[PDB]
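*Asks:* The structure is given below, and queries will be raised subsequently.
Bear in mind that the values in this text are calculations on the coordinates, not laboratory data. Cβ atoms come from the backbone with ideal geometry, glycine included; neighbour counts cover every protein chain shown.
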Amino acid sequence: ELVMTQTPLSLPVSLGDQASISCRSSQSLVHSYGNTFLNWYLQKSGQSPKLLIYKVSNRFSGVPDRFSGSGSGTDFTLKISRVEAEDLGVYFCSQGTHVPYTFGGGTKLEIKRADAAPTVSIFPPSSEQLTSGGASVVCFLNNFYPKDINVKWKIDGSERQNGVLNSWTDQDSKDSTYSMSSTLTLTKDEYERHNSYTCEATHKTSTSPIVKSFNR
Amino acid sequence: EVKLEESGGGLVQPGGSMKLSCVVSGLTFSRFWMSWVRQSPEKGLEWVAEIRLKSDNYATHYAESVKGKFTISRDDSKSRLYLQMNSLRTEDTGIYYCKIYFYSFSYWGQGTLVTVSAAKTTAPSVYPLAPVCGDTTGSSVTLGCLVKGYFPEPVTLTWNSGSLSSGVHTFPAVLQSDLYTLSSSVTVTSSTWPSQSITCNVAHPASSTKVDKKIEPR
């Protein structure tokens, strides 16, 4: 098993800056003279991997000169100059020299940008749901940076999280933010048992939490 | 212009079989070696099988983890790659890509979802998320859609039939207890809604569910 180790796992860089990405192998990948089969792919969110670099340093179709690959022996590097907008995604190396073929664990490129408070929206259970005997409360926390956020649910002031489902987005390609959804799912009878529903967000942009709420 | 296209994924129970197809165009298929690679959020990219050329007597190689359970084959005449999977286990769950390569190139298909699970196909419930105080009081307001309790994975969600593209955030589904939950938000101008209709278009092909949920104010 050829081991392909990449670093870093995550690489935040600012626009116009240089990104350097490392892939190391547990052994020589030289297939023949002139032929070292190490590839670099870019996989963008919800997309297929796309070849950027082949045979260590050769640029594939449409691939800008901003991208350069290098290395030998067991150390390989991907460097991209003047990092652009659409450069976001996961970068993977792969070896085609020894069967079984193997890949690095990937490196995610993150575009740095100014800090951004989440835009918080809270929603009550719908009548359709309540009629089925259910009550989900939802809170969106959208277009924030950086990605690290924490979310608490408080019912009638008391903290309370049980039946909570959280999901978040990948970095936005146009504005470089992150968004998050949090769903608190109660039975109608329990939902009915209380009045004030609050979604509470802790993000670096604020010293206090940022909260939205309603009372049924 | 090379195009690779995987087909035949879907939901299958443990111990089951399933055959993937991969149609390629844009080059001379018979000239190149091909492989199947799968991806999971938990394990990343894993090669499972390769097939070479006629001149090679169609030699094949497999990852030890699928040896004797997977068979890769190709039909040079139809430019199609196949993967016969039997004895499927839940850990075989993933997106399966076919790819074609050579000294100077590599191409992957768009990938096809393979879900190996004992869980039953289930139609989602679609619920509209309207605000209370309403955002239409600050210039912009955010609406939502909650698609709850479906299986397996793929649903499609659009707003106003895809006409609202910008200002939309569709969150990745999350699985719990063999049922998925997904959600999505739309942010529009306050002068827009509720005066003009905004509708969540949700489809769950596996159950042939199609729902057009109008988000009404209040």
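*Asks:* If each of A:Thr202 and B:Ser140 carries a label point 7 Å out from its Cα toward its Cβ, how far apart are those two points in nm?
*Replies:* Inter-label distance under the simple model: 2.7 nm.
*Asks:* Moving on. Using 10 Å bins from zero, what percent of all Cα-Cα pairs in segment A:167-210 falls into each bin?
*Replies:* Taking all Cα pairs of segment A:167-210, the binned fractions are 20, 36, 29, 14, 1 percent.
*Asks:* For peptide B:124-137, what's the mean number of Cβ atoms from other chains within 10 Å of each residue's Cβ? All intermediate terms of the calculation are to be shown ahead of the outcome.
*Replies:* Working: counts 0, 6, 3, 11, 5, 10, 3, 6, 8, 3, 0, 2, 0, 0.
Shielding by partners across B:124-137 averages 4.
*Asks:* Under a no-solvent Debye model with one identical scatterer per Cα of chain B, what's log10 I(q)/I(0) at q = 0.09, 0.16, 0.17 Å⁻¹?
*Replies:* Computed log10 I(q)/I(0) values: -0.49, -1.02, -1.09.
*Asks:* In the structure displayed, which of A:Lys79/B:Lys3; A:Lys44/A:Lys174; B:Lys120/B:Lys210; A:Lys44/A:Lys112; A:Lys79/B:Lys99; A:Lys50/B:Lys43 lie more than 21 Å apart, Cα to Cα? Before the final figure, lay out the partial values.
*Replies:* On the way: A:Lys79/B:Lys3 28 Å; A:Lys44/A:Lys174 13 Å; B:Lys120/B:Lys210 19 Å; A:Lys44/A:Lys112 17 Å; A:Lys79/B:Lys99 25 Å; A:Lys50/B:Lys43 19 Å.
Where the Cα-Cα span goes over 21 Å, the pairs concerned are A:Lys79/B:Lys3; A:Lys79/B:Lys99.
*Asks:* Still on this structure: Chain A: Rg/Rh from Cα coordinates, Kirkwood Rh?
*Replies:* Numbers: Rg = 23.2 Å, Rh = 20.1 Å.
For chain A, the value is 1.15.
*Asks:* Now for a separate question. What is the ratio of the Cα radius of gyration of segment A:91-216 to 2.2 N^0.38 Å, with N the residue count, to two decimals?
*Replies:* Details: Rg = 19.3 Å, N = 126, 2.2 N^0.38 = 13.8 Å.
In units of the 2.2 N^0.38 Å rule of thumb, it is 1.40.
*Asks:* Using the Cα centre as the reference, give the magnitude of the dipole from point charges on the C-beta atoms of chain A (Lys, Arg: +1; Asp, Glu: -1; all else neutral), rounded to the nearest 20 debye.
*Replies:* 320
*Asks:* Working from the alpha-carbon coordinates of the protein assembly as shown, get Rg over Rh, Rh being the Kirkwood radius.
*Replies:* With Rg and the Kirkwood Rh in hand, the quotient comes to 1.01.
*Asks:* Then there's this: With labels modelled as points extended 7 Å from the Cα through the Cβ direction, what inter-label distance (nm, one decimal) is found for A:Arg216 paired with A:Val99?
*Replies:* That separation, rounded to one decimal, is 6.2 nm.
*Asks:* Is there a simple number for the mean count of other chain Cβ atoms within 10 Å of the Cβ of residues in B:72-82, and what is it? Present the calculation step by step, with values, prior to reporting the outcome.
*Replies:* Working: counts 0, 0, 0, 0, 0, 0, 0, 0, 0, 0, 0.
Across the residues of B:72-82, the mean count of other-chain Cβ atoms within 10 Å is 0.
*Asks:* To continue, here is another question. How big, on average over all directions, is the shadow cast by the Cα convex hull of segment B:39-94, in nm²? List each step's numbers first, then the result.
*Replies:* On the way: hull surface 17.8 nm².
Taking the Cα atoms of segment B:39-94, their convex hull projects to 4.5 nm² on average.
*Asks:* What number, rounded to the nearest 500 deg cm²/dmol, is the helix-based mean residue ellipticity at 222 nm of chain A, given -39500 (n - 2.57) per DSSP H run of at least four residues and division by all its residues? List each step's numbers first, then the result.
*Replies:* Numbers: 2 runs with 11 residues, N = 216.
Value at 222 nm, helices only: -1000 deg cm²/dmol.
*Asks:* Calculate, in whole percent, how much of the Cα-Cα pair population of segment B:1-118 lies beyond 24 Å. Spell out each step's value before the answer.
*Replies:* Numbers: 1393 of 6903 pairs.
Here the long-distance tail beyond 24 Å is 20 percent of all Cα pairs in segment B:1-118.
*Asks:* Ignore the peptide's own chain and count Cβ atoms of other chains within 10 Å of each Cβ in A:134-140; give me the average, rounded. Please list the in-between numbers first.
*Replies:* Values: counts 4, 0, 7, 1, 7, 1, 10.
Mean shielding by partner chains, rounded to a whole number: 4.
*Asks:* Report the semi-axes of the equivalent ellipsoid for segment A:1-96 in whole Å, largest first, where each axis is √(5λ) for an eigenvalue λ of the Cα gyration tensor.
*Replies:* Working: eigenvalues 97, 39, 33 Å².
With the √(5λ) rule applied to segment A:1-96, the semi-axes are 22, 14, 13 Å.
*Asks:* Still on this structure: Hey, rough spin-label estimate for B:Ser17 and B:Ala118, points 7 angstrom out along Cα→Cβ, what's it come to in nanometres?
*Replies:* According to this spin-label approximation, the distance is 2.2 nm.
*Asks:* Here is a further query. For A:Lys154, go through the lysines and keep the ones whose alpha-carbon is under 22 Å away, minus same-chain ones fewer than eight residues off.
*Replies:* A:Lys188, A:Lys204, A:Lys212
*Asks:* Please build a GNM for chain B, connecting alpha carbons under 10 Å apart, and tell me which residue among B:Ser184, B:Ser208, B:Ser125 fluctuates the most.
*Replies:* Among B:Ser184, B:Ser208, B:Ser125, the largest mean-square fluctuation in the Gaussian network model of chain B belongs to B:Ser208.
*Asks:* Let me ask something else. Pick from B:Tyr101, B:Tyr150, B:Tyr127 the residue whose mean-square fluctuation is largest in a GNM of chain B, springs joining Cα atoms under 10 Å.
*Replies:* The residue that fluctuates most here is B:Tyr101.
*Asks:* Which shape class, rounded, prolate or oblate, goes with segment A:68-129 when its Cα gyration tensor gives a ≥ b ≥ c as root eigenvalues, a/c under 1.5 marks rounded, and past that a/b bigger than b/c marks prolate? Write out the running numbers ahead of the final one.
*Replies:* Values: a/c = 5.12, a/b = 1.97, b/c = 2.60.
Taking the square roots of the gyration eigenvalues as a ≥ b ≥ c, segment A:68-129 is oblate.
*Asks:* If every alpha-carbon in segment B:123-211 counts as one equal scatterer, what log10 I(q)/I(0) does Debye give at q = 0.26 1/Å?
*Replies:* -1.28
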